[PDB]
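Overview (structure and organization)
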Amino acid sequence: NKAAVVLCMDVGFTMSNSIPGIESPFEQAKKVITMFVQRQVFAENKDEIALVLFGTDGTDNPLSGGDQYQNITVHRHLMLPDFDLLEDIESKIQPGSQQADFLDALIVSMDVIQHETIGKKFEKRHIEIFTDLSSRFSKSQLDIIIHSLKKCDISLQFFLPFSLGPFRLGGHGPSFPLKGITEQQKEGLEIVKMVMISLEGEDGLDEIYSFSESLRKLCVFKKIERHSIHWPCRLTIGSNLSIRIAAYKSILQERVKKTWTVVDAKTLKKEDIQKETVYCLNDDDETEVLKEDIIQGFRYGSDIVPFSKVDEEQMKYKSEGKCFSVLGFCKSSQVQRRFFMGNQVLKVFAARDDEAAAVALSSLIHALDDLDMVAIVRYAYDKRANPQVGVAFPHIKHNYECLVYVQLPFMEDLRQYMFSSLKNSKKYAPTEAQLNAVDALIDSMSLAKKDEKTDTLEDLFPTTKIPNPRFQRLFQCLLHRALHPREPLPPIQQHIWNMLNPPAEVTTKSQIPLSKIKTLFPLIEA
DNA sequence: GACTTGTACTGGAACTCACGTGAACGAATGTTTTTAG
């Protein structure tokens, strides 16, 4: 499953206008595109990327017939990204001295998508445009653009310097204050809104991001990310009732797919280094014993009991693999989140294409939701997988419904520890002033706000939408080392810290209560 | 002052626990190529 992405970028004079105290839009767009290319390259994704720049002095586009579609250059064709693209983005791409509209650039991007994707099969086609919307443009080709986009199945995404005192990139705050926007910018925003509505309906509004917002949203990869595989099984409620189901891994910790290979310092080759493991007895002679002369064993309280691998396999617990059986139903209040185990969460839907299984699963989910119940079930990936006991609870949304499954603990997996009570201690009991100070601190540091007469909490620091900074740090360090072999690693990028920190308003409001708490609470290190 | 014996103190190593990283095998599924009917 491959994809084609055409990145359209403005390099005009307006993009270079760096307002004091705010980074220029050109730099923010460069950072966003660099992040996208880093993710695409270092992830070893088989995705094709092309780059079109509109606003350059020259013209290097196929549509350069006469005096139309000028100041547009196809910097890179539709071929796999490499370090060359990153190097060009970083150093040898400078702002142009001419201003060009984004409509002819978008037409050029569609033409590139159509022509290049003639000898290759691509499941998805995406076009991303980074522009300021501060250039004159003509609407004569809007209808044909929309028709071509709809016919060719091409997705669209817009990135602008402004979203729909101090300013920080990815700082969970206002990037571009709404004081100074030019009229042409308003017209361009309205046109972009019209195009997005005409393409994806009302859902298209959410696809108009901002550089600062996009730097901490992972939105650029939304339309190219691959779906997880499905695990098919049969949910069993008895011995004669079965519902075909498919389970996906809704949540799973993401690790680094690429490992580190040990190489020799003098020569950077892994074939000159060999790693071997040896076994020796408990004798001064260090007698060597072959692997075939080794037997598995276990400790039995100061006594060693030999236990060969074949014997263990013969006598190990055996069960019928690939089972999803409902042990029973219990009140949801009897299952507590603190007891959740495992490292994954499963989302169970009906089978691929069948109305009967969907109806049965919907009936079960609705019954559980109405009765306030969850299903204690037995889960086993396959014959080898160790069977586990888990809880499946309904999850109903306006657009879809499913069963969320999370593993549950065993009796020996629970640790019984005793902790001294704090509410009945005469030495650690806080005073009224201390409680008031803590209450003031909590009030002054609320990450959720109440909306205007609608009773809908709004999250000010949605950490769930923040990408993992480790991957970005690793990618930036790898790129710096590749392009600068003879320099040390650079410091952590500022926007990473900005996105990893809360809004400055919270700290500003919390300054006073924190000082009050410090004065009231005496803390001294031992 | 030098040796011996007995008692008390104490920081380092052994052990355990827990987590992260990397490598290998087999199960289950899906997909592609080749060959007999």
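Focus: the packing of helix α4 (residues 142-152) against helix α5 (residues 183-200)
Viewed as axis vectors pointing N to C, α4 and α5 meet at an angle of 35 degrees, and their least axial separation amounts to 10 Å. Considering how the two elements wind past one another, α4 and α5 form a crossing that is right-handed. On α5, the residues that touch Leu-142, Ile-146, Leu-149 and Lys-150 of α4 are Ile-191, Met-194, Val-195, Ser-198 and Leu-199. Considered class by class, the residues forming the contact of α4 with α5 number seven nonpolar, one polar and one charged.

Overview of the protein's contact with DNA strand B
Around DNA strand B, the surrounding shell consists of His-230, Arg-255, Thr-259, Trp-260, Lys-322, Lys-383, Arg-384, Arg-415 and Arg-470. Close to the protein, within 4 Å, the atoms of DNA strand B are drawn from sugar and phosphate at a rate of 88%. Between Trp-260 and DNA strand B, the recorded distance is 3.2 Å, taken from a backbone N or O atom to a phosphate oxygen. In this structure, a phosphate oxygen belonging to DNA strand B sits 2.6 Å away from a side-chain N or O atom of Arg-415. Grouping the amino acids of the surface near DNA strand B by side-chain chemistry returns one nonpolar, two polar and six charged.

So, the sheet that holds strand β1 (residues 3-10)
Taken in spatial order, the six strands make up an open sheet running β3-β2-β1-β4-β5-β6, and their pairing is mixed. The two strands at the open ends of the sheet, each matched to only one other strand, are β3 (72-79) and β6 (208-210). For this sheet, the mean angle separating the axes of adjacent strands, direction not counted, is 20 degrees. Judged from the five bridges that link them, strand β2 (residues 48-54) and β3 form a sheet pairing that is antiparallel. If you follow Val-52 over to β3, its bridge partner there is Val-74. Sheet contacts for α5: β5 (154-160) and β6; angle to β5, the most-contacted strand, approximately 155 degrees.

Topic: the packing of aromatic side chains
In total, this model carries 19 aromatic pairs according to the counting rule given. Arranged with centres 5.2 Å apart and planes meeting at 15 degrees, the rings of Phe-42 and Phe-475 form a pair that is stacked. What makes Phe-475 buried here is its relative accessible area of 11%. One aromatic cluster is present, built from ring pairs that chain together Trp-231, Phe-324, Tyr-379, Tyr-381 and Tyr-405. Cation over ring: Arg-39 sits above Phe-221, and NZ or CZ is 4.6 Å from the ring centre.

So, the pattern of salt bridges
Applying the stated criterion across every chain yields a total of twelve salt bridges. Linking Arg-125 and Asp-153 is a salt bridge whose minimum nitrogen-to-oxygen distance equals 3.2 Å. Taken together, the positions of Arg-125 in strand β4 (residues 124-130) and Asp-153 in the loop between α4 and β5 put the pair 28 residues apart, joining distant regions of the chain. Across the salt bridge formed by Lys-318 and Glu-313, the nearest N and O atoms sit 3.6 Å from each other. Exposure remark for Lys-318: the relative accessible area of 52% places this residue in the exposed category. The exposure class assigned to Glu-313 is partly exposed, which follows from its relative accessible area of 40%.

Considering unusual backbone geometry
Residue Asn-71 is not a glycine yet carries a positive backbone phi of 60 degrees. As for its placement among the helices and strands, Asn-71 is situated in the loop between β2 and β3. Positive phi, close to 55 degrees, is recorded for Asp-153, a residue that is not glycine. Judged by relative accessible area, which is 46%, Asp-153 ranks as partly exposed.

Section: the side chain of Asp-132
On the secondary structure map, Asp-132 appears in the loop between β4 and α4. Buried within the structure, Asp-132 lacks any salt-bridge partner; its nearest side chain of opposite charge belongs to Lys-186, at an N-O separation of 13 Å. Of note is the side chain of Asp-132, whose polar atom sits 2.5 Å from the side chain of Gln-185. Ignoring anything within four residues of it in the chain, the contact list for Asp-132 reads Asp-10, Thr-14, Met-15, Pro-25, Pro-161, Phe-162 and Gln-185.

Re the domain arrangement of chain A
A common way to express how large an interface is: the accessible area buried when the components associate. Domain boundaries in chain A define domain 1 (3-221) and domain 2 (432-523). For domain 1 versus domain 2, the separation of C-alpha centres amounts to 30 Å. Each side of the interface is counted separately: domain 1 has 18 residues, and domain 2 has 20 residues. Buried surface at the junction of domain 1 and domain 2, summed over both partners, amounts to about 1600 Å²; 65% is from carbon and sulfur atoms. For domain 1, the biggest contributors to the area lost against domain 2 are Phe-42, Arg-168 and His-172; these three give 35% of the whole.

Parameters and conventions
- Residues numbered from 1 in each chain as written, not as in the entry; some residues may be left out.
- Chains lettered and ligands numbered in written order.
- Part of a larger assembly, values for the part shown.
- Heavy atoms only, no water.
- Axes fitted to C-alpha atoms, helices over the stretch in contact; angles between N-to-C directions.
- Helix = DSSP H or I, 4+ residues; strand = E, 2+ residues; numbered from the N terminus.
- Left-handed = near helix turned anticlockwise from the far one by under 90°.
- Contact = heavy atoms within 4.5 Å.
- Nonpolar A, V, L, I, M, F, W, Y, C, P; charged D, E, K, R; others polar.
- Near = heavy atom within 4 Å.
- Polar contact = N/O pair within 3.5 Å; in protein donor to acceptor, adjacent residues only side chain to side chain.
- Pairing = 2+ DSSP bridges.
- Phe/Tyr/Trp six-rings, centres within 6.5 Å; stacked < 30°, edge-to-face > 60°.
- Buried < 20%, exposed > 50% of the residue type's maximum accessible area, 1.4 Å probe, protein only.
- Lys NZ or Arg CZ within 6 Å of the ring centre and 35° of its normal.
- Salt bridge = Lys/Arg side-chain N within 4 Å of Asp/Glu carboxyl O.
- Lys, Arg positive; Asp, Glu negative; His and termini not counted.
- Domains from an automatic or database assignment.
- Buried area = accessible area lost by both parts, 1.4 Å probe.

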